[PDB]
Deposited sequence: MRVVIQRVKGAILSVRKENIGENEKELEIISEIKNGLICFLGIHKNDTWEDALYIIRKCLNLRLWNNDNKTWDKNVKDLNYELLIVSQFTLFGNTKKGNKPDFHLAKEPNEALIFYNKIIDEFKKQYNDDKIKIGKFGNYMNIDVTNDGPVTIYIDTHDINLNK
């Protein structure tokens, strides 16, 4: 599994209705989550644990000290198959390394459940899987973290 984690002051998620807002968070994280074809539940578990526990906020005096849970902040989890974009061949990407959309959705849904189980069910916002999304992100820093579980 691949995840891009961005530290945000807020994120507003819209779909085409011109656009209607379905999701919104204030301070916290937007997590762009790529699901590999070979991902197991242990790959999911690692990403979840890292997203929830990574110490990405300062606590004056201390840098990199508080996580999303510590500060009662929110997470928006967005599925991003493009994170397996093969950009090595030419300039046209292909995405064959990403999990096929049906088994990806189920896996994703299980991840959201576990996010809610490990943190709080009110603090976990989502997009519309598969659908086109407009997301206004207020990047705080910016702070961008990347994790690939196949490096673990």
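- By the record, the deposited chain contains unmodelled runs at 18 to 25, 161 to 164, with no C-alpha atoms placed there.
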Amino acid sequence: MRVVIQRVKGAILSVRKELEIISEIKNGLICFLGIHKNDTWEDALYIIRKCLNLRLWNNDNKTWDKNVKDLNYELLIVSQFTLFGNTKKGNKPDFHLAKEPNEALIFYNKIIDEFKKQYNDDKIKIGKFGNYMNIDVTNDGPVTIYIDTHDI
From here on, numbers count along this sequence of modelled residues.
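In this text, rigid core is short for the largest set of C-alphas that superpose within 1.5 Å between two forms.
- For 55 to 63 versus 42 to 50, the mean Cα distance to the shown form in 9 other deposited structures of this protein after rigid core alignment is larger for 55 to 63.
- Across the other PDB entries of this protein whose models span the neighbouring residues, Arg16 is modelled without exception, so it is unmodelled in far fewer than a third.
- For the pair 102 to 110 and 28 to 36, the record assigns the higher mean C-alpha temperature factor to 102 to 110.
- For the pair 113 to 121 and 59 to 67, the mean B factor over Cα atoms is greater in 59 to 67.
- Ranked within its chain, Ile5 lands in the lowest third, by CA B factor from the PDB record.
- Sort the chain's modelled residues by C-alpha temperature factor and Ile152 lands in the highest third, per the entry.
- For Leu97, the recorded CA temperature factor ranks within the highest third of the chain's modelled residues.
- Compared with the other modelled residues of the chain, the Cα B-factor recorded for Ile12 ranks in the middle third.
- When all modelled residues of the chain are sorted by CA temperature factor, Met133 is found within the middle third.
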